[PDB]
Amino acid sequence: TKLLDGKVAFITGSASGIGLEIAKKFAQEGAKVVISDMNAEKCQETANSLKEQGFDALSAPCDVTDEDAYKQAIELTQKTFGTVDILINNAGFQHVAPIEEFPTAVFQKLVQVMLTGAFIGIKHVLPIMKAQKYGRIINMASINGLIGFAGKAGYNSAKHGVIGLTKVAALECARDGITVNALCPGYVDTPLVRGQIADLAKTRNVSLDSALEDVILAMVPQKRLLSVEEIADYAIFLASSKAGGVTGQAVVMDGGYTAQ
C-alpha cells in the first residue's frame, strides 16, 4: 500500500542524512517530494535520480534562513504539484563548545536555521493547508529539545524552541485538518554522527568502536544508533492520514535515552 498516495511533501535539508531518507521513503509511499537544501547541485542530482526511478521529484533549493527564497520554493511547489500537504522542517547543523567559548554569532545562527527556519516554513504553508483543510507539519527536533547536554547551548536552545513553536502552531490550526508535531530522534547513524565519532576517536586517542560504544551510546539504553530508515518510518506514520489525532507532540524515538 502507498500511505502518502499523491500527497505533496516539501522537505528542508533533504540533500543528505535523515531528510534524504525521508524524501526517498516518502516517494516509495506515493508522495510527490520536493528536495530542498543549500547545495543546489546535490538537489538537482537527488531529484533527477528519484525521477529515473519513476518517482515525482522537484528540486527547489533554498537557505531556510532566506524567507524570500523559502517563500519562492513553496510557490514553485504549488506551481509544479498544485499544493503542499506535508512540510518537514529538517534543515540543521551542530556546533559543540562550552558556553564561555560559544561565539554569540554561532548561537544566533543555530537558532535562526533550526527555529526561525521552521517558523518561516510554517508561516508560508499554513495558508495553503488551511484553504484545503488538510496538512501535516513535522519539525525535526531531537531529545536535545527535551533534555540538557553540556556544550550544546545553541542546539538545545533551538530544539527546545522548535517544540514550543510546534505546540503554538498546533493550537492555531487544530480545527483546520492540520497537525503540527516535533519528531525527537536520539543518535542516528548519519554522516553528521559518524563525523562526530571520528572527531571523538582522534581527540581521545581511542578506536571509532570505543568512541561510539563508550561515549555516544553511554546513555542509550538500547546501546545502538537508530537507522535513518527508523526515523523515516515514524515520519511516514505522522505524515499519513492515519495520524490526524496526533498534534502538538514531541514524538520521541531515542532507544530509551529520555526514560532515565
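Residue numbers here begin at 1 and follow the sequence given.
Comparing 28-36 with 199-207, the higher mean C-alpha B-factor in the PDB entry belongs to 199-207.
Comparing 158-166 with 98-106, the higher mean C-alpha B-factor in the PDB entry belongs to 98-106. The residue among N89, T83, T179, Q112 whose C-alpha carries the highest B-factor in the deposited model is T83. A15 sits in the highest third of its chain by CA B factor, as recorded in the PDB entry. Compared with the other modelled residues of the chain, the Cα B-factor recorded for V64 ranks in the lowest third.
Sort the chain's modelled residues by C-alpha temperature factor and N144 lands in the lowest third, per the entry. The entry lists a Cα temperature factor for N48 that places it in the highest third of the chain's modelled residues. The entry lists a Cα temperature factor for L217 that places it in the highest third of the chain's modelled residues.
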